[PDB]
>>> print(open('my_file.cif').read())   # mmCIF, C-alpha atoms and all ligand atoms
data_work
#
loop_
_atom_site.label_atom_id
_atom_site.label_comp_id
_atom_site.auth_asym_id
_atom_site.auth_seq_id
_atom_site.Cartn_x
_atom_site.Cartn_y
_atom_site.Cartn_z
CA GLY A 3 16.43 -8.91 -25.53
CA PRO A 4 15.70 -8.26 -21.81
CA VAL A 5 15.27 -11.24 -19.44
CA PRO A 6 11.71 -11.38 -18.00
CA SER A 7 10.95 -10.80 -14.32
CA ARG A 8 8.07 -11.38 -11.93
CA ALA A 9 7.19 -10.24 -8.43
CA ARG A 10 8.32 -12.65 -5.67
CA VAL A 11 5.03 -12.04 -3.81
CA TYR A 12 1.37 -11.50 -4.71
CA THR A 13 2.36 -12.69 -8.14
CA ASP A 14 -0.97 -14.06 -9.33
CA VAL A 15 -3.45 -12.12 -7.25
CA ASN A 16 -5.17 -10.48 -10.22
CA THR A 17 -5.58 -13.65 -12.38
CA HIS A 18 -7.48 -15.30 -9.44
CA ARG A 19 -9.85 -12.38 -9.22
CA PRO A 20 -12.96 -11.91 -11.41
CA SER A 21 -12.13 -9.66 -14.39
CA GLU A 22 -14.48 -6.99 -12.84
CA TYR A 23 -11.71 -6.40 -10.20
CA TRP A 24 -8.88 -5.40 -12.57
CA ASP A 25 -10.64 -4.69 -15.94
CA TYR A 26 -11.08 -1.04 -15.05
CA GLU A 27 -12.25 -0.07 -18.56
CA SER A 28 -15.49 -2.08 -18.04
CA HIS A 29 -16.24 -0.22 -14.78
CA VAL A 30 -19.50 1.80 -14.65
CA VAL A 31 -18.91 4.93 -12.53
CA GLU A 32 -21.55 5.64 -9.80
CA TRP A 33 -22.02 9.46 -9.70
CA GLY A 34 -22.82 11.62 -6.69
CA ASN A 35 -24.27 15.14 -6.46
CA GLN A 36 -21.76 17.99 -7.04
CA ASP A 37 -24.12 20.27 -5.00
CA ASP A 38 -23.15 18.35 -1.83
CA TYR A 39 -19.70 20.05 -1.95
CA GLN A 40 -18.79 23.72 -1.59
CA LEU A 41 -15.27 24.62 -2.72
CA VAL A 42 -13.33 26.62 -0.09
CA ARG A 43 -9.75 27.08 -1.36
CA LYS A 44 -7.36 25.81 -4.04
CA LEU A 45 -4.63 23.65 -2.41
CA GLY A 46 -2.66 22.98 -5.55
CA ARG A 47 -2.51 21.87 -9.15
CA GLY A 48 -0.44 19.29 -10.97
CA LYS A 49 -0.23 18.51 -14.70
CA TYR A 50 -3.30 16.20 -14.40
CA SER A 51 -5.65 17.84 -11.84
CA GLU A 52 -6.59 20.82 -9.65
CA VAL A 53 -7.02 20.13 -5.90
CA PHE A 54 -9.37 21.99 -3.57
CA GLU A 55 -10.28 22.02 0.07
CA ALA A 56 -14.07 21.82 0.27
CA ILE A 57 -16.89 21.31 2.76
CA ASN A 58 -19.43 18.54 2.40
CA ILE A 59 -22.54 20.65 3.20
CA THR A 60 -24.60 17.48 4.11
CA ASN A 61 -22.45 16.77 7.24
CA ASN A 62 -20.24 19.96 7.44
CA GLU A 63 -17.14 17.76 7.08
CA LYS A 64 -13.95 19.02 5.44
CA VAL A 65 -13.10 17.16 2.19
CA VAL A 66 -10.62 17.44 -0.63
CA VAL A 67 -11.81 17.61 -4.26
CA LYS A 68 -9.44 16.55 -7.07
CA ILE A 69 -10.83 17.94 -10.36
CA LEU A 70 -9.31 16.08 -13.29
CA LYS A 71 -7.95 18.02 -16.26
CA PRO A 72 -8.97 16.22 -19.56
CA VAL A 73 -5.38 14.98 -19.95
CA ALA A 74 -6.07 12.57 -16.98
CA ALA A 75 -9.86 12.59 -17.44
CA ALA A 76 -9.11 9.85 -19.98
CA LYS A 77 -7.63 7.16 -17.61
CA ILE A 78 -9.94 8.07 -14.63
CA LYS A 79 -11.56 4.66 -14.57
CA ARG A 80 -8.20 3.11 -13.53
CA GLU A 81 -7.78 5.52 -10.57
CA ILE A 82 -11.46 5.13 -9.51
CA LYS A 83 -11.29 1.29 -9.68
CA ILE A 84 -8.07 1.22 -7.69
CA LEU A 85 -9.45 3.61 -5.03
CA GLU A 86 -12.71 1.58 -4.74
CA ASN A 87 -10.71 -1.73 -4.57
CA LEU A 88 -8.51 -0.35 -1.77
CA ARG A 89 -11.20 1.55 0.19
CA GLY A 90 -11.03 0.77 3.92
CA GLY A 91 -7.49 -0.52 3.67
CA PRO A 92 -4.93 0.50 6.31
CA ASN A 93 -3.71 4.06 5.82
CA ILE A 94 -5.26 4.26 2.31
CA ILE A 95 -7.00 7.55 1.55
CA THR A 96 -10.78 7.17 1.44
CA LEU A 97 -12.55 8.07 -1.81
CA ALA A 98 -15.80 9.55 -0.50
CA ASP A 99 -17.50 10.44 -3.82
CA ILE A 100 -17.27 10.98 -7.58
CA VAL A 101 -19.12 13.97 -9.03
CA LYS A 102 -19.11 15.81 -12.35
CA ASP A 103 -17.58 19.25 -11.97
CA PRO A 104 -20.09 21.71 -13.51
CA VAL A 105 -17.31 24.06 -14.76
CA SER A 106 -14.63 21.68 -16.10
CA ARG A 107 -17.31 19.07 -17.13
CA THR A 108 -14.82 16.44 -15.95
CA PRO A 109 -14.75 13.97 -13.08
CA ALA A 110 -14.05 15.31 -9.60
CA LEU A 111 -12.92 12.82 -6.94
CA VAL A 112 -13.95 13.70 -3.40
CA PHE A 113 -11.54 12.43 -0.69
CA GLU A 114 -11.33 12.50 3.09
CA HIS A 115 -9.39 15.57 4.30
CA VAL A 116 -6.13 15.07 6.29
CA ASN A 117 -4.81 17.90 8.50
CA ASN A 118 -1.35 17.59 6.90
CA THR A 119 1.85 19.19 8.15
CA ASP A 120 4.00 20.30 5.12
CA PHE A 121 6.61 17.53 4.77
CA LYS A 122 9.47 20.05 4.38
CA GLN A 123 8.60 21.47 7.80
CA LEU A 124 7.58 18.07 9.35
CA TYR A 125 10.70 16.07 8.26
CA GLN A 126 13.01 18.60 10.06
CA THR A 127 11.24 17.92 13.43
CA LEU A 128 10.90 14.09 13.11
CA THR A 129 12.56 12.05 15.91
CA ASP A 130 14.16 8.61 15.42
CA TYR A 131 10.97 7.09 17.00
CA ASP A 132 8.67 9.18 14.71
CA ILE A 133 10.55 8.03 11.56
CA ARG A 134 10.20 4.35 12.60
CA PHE A 135 6.50 4.84 13.52
CA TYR A 136 5.59 6.66 10.24
CA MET A 137 7.62 4.20 8.10
CA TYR A 138 5.65 1.29 9.66
CA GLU A 139 2.36 3.14 8.87
CA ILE A 140 3.46 3.62 5.20
CA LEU A 141 4.41 -0.12 5.04
CA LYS A 142 0.86 -1.09 6.17
CA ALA A 143 -0.52 0.84 3.21
CA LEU A 144 2.06 -0.54 0.77
CA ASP A 145 1.63 -4.19 1.91
CA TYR A 146 -2.18 -3.78 1.63
CA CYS A 147 -2.14 -2.38 -1.89
CA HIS A 148 0.50 -4.88 -3.04
CA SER A 149 -1.60 -7.74 -1.51
CA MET A 150 -4.49 -6.36 -3.52
CA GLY A 151 -2.48 -6.62 -6.77
CA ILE A 152 -1.78 -2.86 -7.08
CA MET A 153 1.51 -0.94 -7.51
CA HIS A 154 1.37 2.73 -6.32
CA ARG A 155 4.15 3.97 -8.62
CA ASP A 156 4.36 7.43 -7.11
CA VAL A 157 5.57 6.96 -3.56
CA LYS A 158 7.14 10.22 -2.35
CA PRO A 159 6.74 12.67 0.55
CA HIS A 160 4.13 14.77 -1.31
CA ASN A 161 1.87 11.68 -1.48
CA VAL A 162 2.06 10.79 2.24
CA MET A 163 -0.35 12.94 4.28
CA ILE A 164 0.57 13.16 7.95
CA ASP A 165 -1.70 14.60 10.67
CA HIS A 166 1.18 14.82 13.20
CA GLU A 167 -1.23 15.84 16.04
CA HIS A 168 -3.24 12.58 15.75
CA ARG A 169 -0.26 10.53 14.44
CA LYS A 170 -2.44 9.60 11.42
CA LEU A 171 -1.00 8.86 7.99
CA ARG A 172 -2.69 8.42 4.56
CA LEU A 173 -1.18 7.35 1.25
CA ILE A 174 -2.72 9.56 -1.47
CA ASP A 175 -2.62 10.23 -5.28
CA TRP A 176 -3.35 6.90 -6.88
CA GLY A 177 -3.40 8.50 -10.37
CA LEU A 178 -0.34 6.56 -11.46
CA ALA A 179 -1.26 3.29 -9.69
CA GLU A 180 -1.57 0.15 -11.84
CA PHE A 181 -2.71 -3.46 -11.51
CA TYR A 182 0.20 -5.85 -11.50
CA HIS A 183 -0.01 -8.67 -14.07
CA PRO A 184 2.94 -11.04 -14.35
CA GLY A 185 4.87 -10.55 -17.61
CA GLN A 186 3.29 -7.21 -18.43
CA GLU A 187 5.55 -4.45 -19.76
CA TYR A 188 4.79 -1.15 -18.08
CA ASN A 189 5.49 2.49 -18.88
CA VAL A 190 8.77 3.61 -17.23
CA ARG A 191 7.59 7.27 -17.17
CA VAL A 192 6.13 6.89 -13.67
CA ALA A 193 7.12 8.19 -10.16
CA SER A 194 8.98 11.45 -9.54
CA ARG A 195 12.66 11.85 -10.57
CA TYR A 196 14.20 11.58 -7.12
CA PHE A 197 12.26 8.45 -6.25
CA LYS A 198 12.44 6.64 -9.58
CA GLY A 199 13.91 3.18 -9.21
CA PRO A 200 16.89 2.02 -11.27
CA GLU A 201 14.47 -0.19 -13.29
CA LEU A 202 12.80 3.02 -14.59
CA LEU A 203 16.12 4.84 -15.18
CA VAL A 204 17.59 1.87 -17.19
CA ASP A 205 14.24 1.50 -19.10
CA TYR A 206 13.43 -2.00 -17.77
CA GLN A 207 9.69 -2.35 -18.32
CA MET A 208 8.79 -5.60 -16.56
CA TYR A 209 8.85 -4.15 -13.04
CA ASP A 210 6.48 -4.78 -10.15
CA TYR A 211 5.51 -3.82 -6.52
CA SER A 212 9.21 -3.62 -5.62
CA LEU A 213 9.41 -0.24 -7.43
CA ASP A 214 7.50 1.26 -4.44
CA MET A 215 10.02 -0.25 -2.04
CA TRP A 216 12.91 1.62 -3.80
CA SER A 217 10.82 4.87 -3.50
CA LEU A 218 10.24 4.14 0.24
CA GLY A 219 14.01 3.54 0.65
CA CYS A 220 14.68 7.01 -0.83
CA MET A 221 12.24 8.61 1.65
CA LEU A 222 13.89 6.73 4.57
CA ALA A 223 17.37 7.85 3.39
CA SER A 224 16.14 11.48 3.30
CA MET A 225 14.62 11.28 6.84
CA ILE A 226 17.52 9.45 8.64
CA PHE A 227 20.34 11.43 6.90
CA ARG A 228 18.36 14.76 6.94
CA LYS A 229 19.03 15.27 3.17
CA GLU A 230 15.80 15.78 1.13
CA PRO A 231 15.83 14.51 -1.49
CA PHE A 232 18.66 11.95 -0.90
CA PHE A 233 19.31 11.38 -4.66
CA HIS A 234 19.10 14.88 -6.18
CA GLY A 235 19.49 14.28 -9.92
CA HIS A 236 19.17 17.16 -12.39
CA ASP A 237 17.34 14.94 -14.93
CA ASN A 238 16.66 11.17 -15.34
CA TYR A 239 20.22 10.48 -16.60
CA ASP A 240 22.01 12.34 -13.82
CA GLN A 241 19.49 10.68 -11.37
CA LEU A 242 21.11 7.31 -12.14
CA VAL A 243 24.62 8.82 -11.83
CA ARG A 244 23.70 10.18 -8.35
CA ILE A 245 22.55 6.65 -7.40
CA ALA A 246 25.73 5.03 -8.81
CA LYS A 247 27.91 7.47 -6.78
CA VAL A 248 26.42 5.84 -3.65
CA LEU A 249 25.63 2.24 -4.64
CA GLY A 250 28.55 1.90 -7.02
CA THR A 251 28.81 1.10 -10.70
CA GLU A 252 29.77 -2.60 -10.38
CA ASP A 253 26.42 -3.61 -8.83
CA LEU A 254 24.71 -1.48 -11.56
CA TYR A 255 26.53 -3.38 -14.38
CA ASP A 256 25.75 -6.72 -12.64
CA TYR A 257 22.03 -5.71 -12.50
CA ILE A 258 21.89 -4.75 -16.23
CA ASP A 259 23.87 -7.94 -17.11
CA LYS A 260 21.42 -10.14 -15.11
CA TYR A 261 18.32 -8.75 -16.92
CA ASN A 262 20.21 -8.50 -20.28
CA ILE A 263 19.45 -4.72 -20.36
CA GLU A 264 21.30 -2.50 -22.87
CA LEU A 265 22.12 0.76 -21.01
CA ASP A 266 21.35 3.96 -23.01
CA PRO A 267 24.70 4.92 -24.73
CA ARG A 268 24.59 8.51 -23.22
CA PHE A 269 25.51 6.92 -19.78
CA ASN A 270 28.99 5.90 -21.17
CA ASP A 271 30.30 9.53 -20.85
CA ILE A 272 28.60 10.42 -17.49
CA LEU A 273 28.49 7.21 -15.35
CA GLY A 274 32.21 6.76 -14.56
CA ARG A 275 33.53 4.07 -12.15
CA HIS A 276 32.39 4.30 -8.53
CA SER A 277 32.63 1.89 -5.58
CA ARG A 278 29.74 1.43 -3.16
CA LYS A 279 29.88 3.88 -0.25
CA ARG A 280 29.48 2.62 3.35
CA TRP A 281 26.31 4.20 4.83
CA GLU A 282 28.44 5.91 7.64
CA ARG A 283 29.79 8.34 4.98
CA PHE A 284 26.37 10.03 5.14
CA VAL A 285 26.39 10.26 8.99
CA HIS A 286 27.38 13.53 10.60
CA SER A 287 26.83 15.37 13.85
CA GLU A 288 23.43 16.76 12.67
CA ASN A 289 21.78 13.41 11.74
CA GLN A 290 23.61 10.96 14.06
CA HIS A 291 20.64 10.80 16.49
CA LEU A 292 18.43 9.36 13.66
CA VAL A 293 21.00 6.75 12.51
CA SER A 294 21.34 3.28 14.15
CA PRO A 295 22.70 -0.12 12.92
CA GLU A 296 19.06 -1.30 12.45
CA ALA A 297 18.19 1.82 10.36
CA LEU A 298 21.25 1.29 8.08
CA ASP A 299 20.59 -2.48 7.70
CA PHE A 300 16.93 -1.77 6.79
CA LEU A 301 17.90 0.99 4.30
CA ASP A 302 20.53 -1.28 2.73
CA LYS A 303 17.82 -3.90 2.06
CA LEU A 304 15.51 -1.38 0.30
CA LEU A 305 18.12 0.45 -1.79
CA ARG A 306 19.27 -2.33 -4.07
CA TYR A 307 19.53 -2.05 -7.87
CA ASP A 308 18.02 -5.53 -8.27
CA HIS A 309 14.32 -5.08 -7.75
CA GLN A 310 13.96 -8.84 -6.96
CA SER A 311 16.43 -8.50 -4.05
CA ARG A 312 14.63 -5.64 -2.21
CA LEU A 313 12.62 -6.34 0.94
CA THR A 314 8.86 -6.79 0.34
CA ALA A 315 6.51 -4.58 2.41
CA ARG A 316 5.63 -7.57 4.69
CA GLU A 317 9.36 -8.51 5.07
CA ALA A 318 10.18 -4.83 5.85
CA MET A 319 7.57 -4.76 8.68
CA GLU A 320 9.37 -7.78 10.28
CA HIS A 321 12.70 -5.90 10.37
CA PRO A 322 14.38 -5.13 13.82
CA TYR A 323 14.19 -1.35 13.11
CA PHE A 324 10.45 -1.59 13.97
CA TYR A 325 10.97 -3.61 17.21
CA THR A 326 10.89 -0.34 19.27
CA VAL A 327 7.58 0.75 17.64
CA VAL A 328 4.53 0.09 19.84
CA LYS A 329 2.15 -2.41 18.20
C1 LIG B 401 -4.49 21.87 6.34
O1 LIG B 401 -3.40 21.95 5.42
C2 LIG B 401 -3.29 20.97 4.47
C3 LIG B 401 -4.18 19.92 4.33
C4 LIG B 401 -4.00 18.99 3.30
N1 LIG B 401 -4.94 17.93 3.20
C5 LIG B 401 -5.05 16.96 2.26
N2 LIG B 401 -5.88 15.98 2.68
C6 LIG B 401 -6.20 15.07 1.78
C7 LIG B 401 -5.74 15.10 0.43
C8 LIG B 401 -5.83 14.45 -0.80
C9 LIG B 401 -6.56 13.20 -1.17
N3 LIG B 401 -5.12 15.12 -1.76
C10 LIG B 401 -4.55 16.16 -1.14
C11 LIG B 401 -3.73 17.12 -1.84
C12 LIG B 401 -3.27 18.35 -1.43
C13 LIG B 401 -2.46 18.88 -2.48
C14 LIG B 401 -1.72 20.05 -2.66
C15 LIG B 401 -1.03 20.26 -3.85
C16 LIG B 401 -1.08 19.32 -4.88
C17 LIG B 401 -1.81 18.14 -4.73
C18 LIG B 401 -2.48 17.93 -3.52
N4 LIG B 401 -3.25 16.86 -3.11
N5 LIG B 401 -4.90 16.17 0.19
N6 LIG B 401 -4.50 17.14 1.09
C19 LIG B 401 -2.92 19.11 2.43
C20 LIG B 401 -2.01 20.14 2.59
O2 LIG B 401 -0.86 20.28 1.87
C21 LIG B 401 -0.57 19.28 0.88
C22 LIG B 401 -2.20 21.09 3.61
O3 LIG B 401 -1.31 22.14 3.75
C23 LIG B 401 -0.19 21.89 4.61
#
>>> encode(input="my_file.cif", output="C-alpha cells")
Amino acid sequence: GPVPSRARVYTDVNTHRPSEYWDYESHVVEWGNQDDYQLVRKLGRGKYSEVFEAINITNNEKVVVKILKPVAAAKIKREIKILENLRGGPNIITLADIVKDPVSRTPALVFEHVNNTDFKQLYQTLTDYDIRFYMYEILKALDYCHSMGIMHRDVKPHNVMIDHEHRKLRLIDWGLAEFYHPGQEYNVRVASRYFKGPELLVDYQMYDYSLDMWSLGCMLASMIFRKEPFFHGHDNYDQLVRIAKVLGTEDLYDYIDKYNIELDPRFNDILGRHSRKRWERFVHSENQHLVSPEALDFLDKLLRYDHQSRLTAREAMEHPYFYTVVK
C-alpha cells in the first residue's frame, strides 16, 4: 500500500499541546448577542454558508457575518477552534463573535471586515513589487498557522482579502482547515480544483502543511504569468493532465513510485508523455515585467509534485525574491 509521509516541519506541534487545543469536539462555544449586528447586504453564498456585510451597532464598525448552512453547521466546532487558536496571528482574519442566527437557527461567525478589491480586477493591476509584497504577507499567515499545527487547505485568491489602499491582507475561510497530526489520513476532497495539489489529485491521503504551499505556488504562477488560473483543468482528472503538461510526466511517475501510489486507471488514456517545460515558455511581452530569475526560482521550488520537496513557508520567506521587499 502507500508509503507513509510526515511534515518536515512543525511535525509534532499538536501532540505537545493539551488536548483542549486540537480536540475541537470537546470545545464549548461562547455565544454572543445576535442583536449586536444589523445585516446590511448579502456578499455571497457558497455550498456551506451565506455571507453578509453587517454593522456592529455597539461600535458602528463594519463586520462580515458568515451564517452556516446545516451542511457545515455540523463541523463548526473545528472552524471555531481553529479561528480562536489563530486569533491575533499575522494576517489571519479576526473572529469577532459567534451568535445564533434567529432565522437559520444555526451558528453565525462574525469577522472583521476587509475593504477588498475583487482579485480579478486587482491581479491585473499588480506590479512586480506588489506581487512580492503580497506573497510575503500571505507567507506570514501560512507560516503562523503551520507553526500552530493547522493546515488551511483552501488557499486561493478568493480566500485572500486585500485592502489595496492600506496594503493590508487577511487570509480568510478556515472552514476546510484541519489540525495536522503525523500519520493521519485526510480527506482529499479539499481545496478548489485549480489549486489542488498533486497529492489530492492522485488520492494520497497522508498530506500535510505543504499542500498550502502548492496552492500558493499556483497563485504566484497566475500573478507573474498573468494567467488566472494557471492550471485550468475541466475536472479533477484533467487538472492533473494540465499540471503534467507543464511539470512533465516523468517526475509525476517518480512521485507516485516513491509513495507507492497506484494512479487511478482512467489517467492511462488521458495523461500521455510530456517533458517538463522551462518556465520561460510562459513568458511573453505582456507579463515579462513581472518575471525575474528570482521569481522563476521561487516558483520552481513551490510547484513540485513531491510535497516533501516544496519550500516551507519559513524557507519561502528567506528566498531572494523577497530581498527587494521592505521589512
Ligand atoms: C467592500 O467590498 C468587499 C468587501 C469584502 N470584505 C470581506 N471582508 C471580510 C470577509 C470575510 C471573513 N469573509 C468575506 C467574504 C466575502 C465573500 C463573498 C462571497 C463569498 C464568500 C465571501 N466571504 N469577507 N469579505 C469582500 C468583498 O468581496 C469578496 C468585497 O467586494 C469586492
>>> closest_residue(input="my_file.cif", among="A:108, A:207, A:61, A:118", to="ligand LIG 401 (chain B)", atoms="only C-alpha atoms and all ligand atoms")
A:118
>>> closest_residue(input="my_file.cif", among="A:219, A:184, A:274, A:235", to="residue A:298", atoms="all atoms listed in the file")
A:219
>>> closest_residue(input="my_file.cif", among="A:109, A:20, A:177, A:91", to="ligand LIG 401 (chain B)", atoms="only C-alpha atoms and all ligand atoms")
A:177
>>> residues_near_ligand(input="my_file.cif", ligand="ligand LIG 401 (chain B)", cutoff="6 Å", atoms="all atoms listed in the file", output="VMD selection string")
chain A and resid 45 to 47 53 66 113 to 120 174
>>> write_last_selection(input="my_file.cif", atoms="C-alpha atoms", output="mmCIF file, in the coordinates of the input")
data_model
loop_
_atom_site.group_PDB
_atom_site.id
_atom_site.type_symbol
_atom_site.label_atom_id
_atom_site.label_comp_id
_atom_site.auth_asym_id
_atom_site.auth_seq_id
_atom_site.Cartn_x
_atom_site.Cartn_y
_atom_site.Cartn_z
ATOM 1 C CA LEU A 45 -4.630 23.650 -2.410
ATOM 2 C CA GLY A 46 -2.660 22.980 -5.550
ATOM 3 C CA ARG A 47 -2.510 21.870 -9.150
ATOM 4 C CA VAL A 53 -7.020 20.130 -5.900
ATOM 5 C CA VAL A 66 -10.620 17.440 -0.630
ATOM 6 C CA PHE A 113 -11.540 12.430 -0.690
ATOM 7 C CA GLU A 114 -11.330 12.500 3.090
ATOM 8 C CA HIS A 115 -9.390 15.570 4.300
ATOM 9 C CA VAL A 116 -6.130 15.070 6.290
ATOM 10 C CA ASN A 117 -4.810 17.900 8.500
ATOM 11 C CA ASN A 118 -1.350 17.590 6.900
ATOM 12 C CA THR A 119 1.850 19.190 8.150
ATOM 13 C CA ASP A 120 4.000 20.300 5.120
ATOM 14 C CA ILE A 174 -2.720 9.560 -1.470
#
>>> residues_near_point(input="my_file.cif", point="(23.1, 6.8, -6.6)", cutoff="10 Å", atoms="all atoms listed in the file", output="NGL selection string")
:A and (200 or 232-235 or 240-251 or 254 or 276 or 278-279 or 305 or 307)
>>> closest_residue(input="my_file.cif", among="A:30, A:57, A:318, A:258", to="residue A:144", atoms="only C-alpha atoms")
A:318
>>> residues_around(input="my_file.cif", residues="residue A:216", least_positions_apart="4", cutoff="8 Å", atoms="all atoms listed in the file", output="ChimeraX atom specification")
/A:197-199,212,220,304-306,309,312
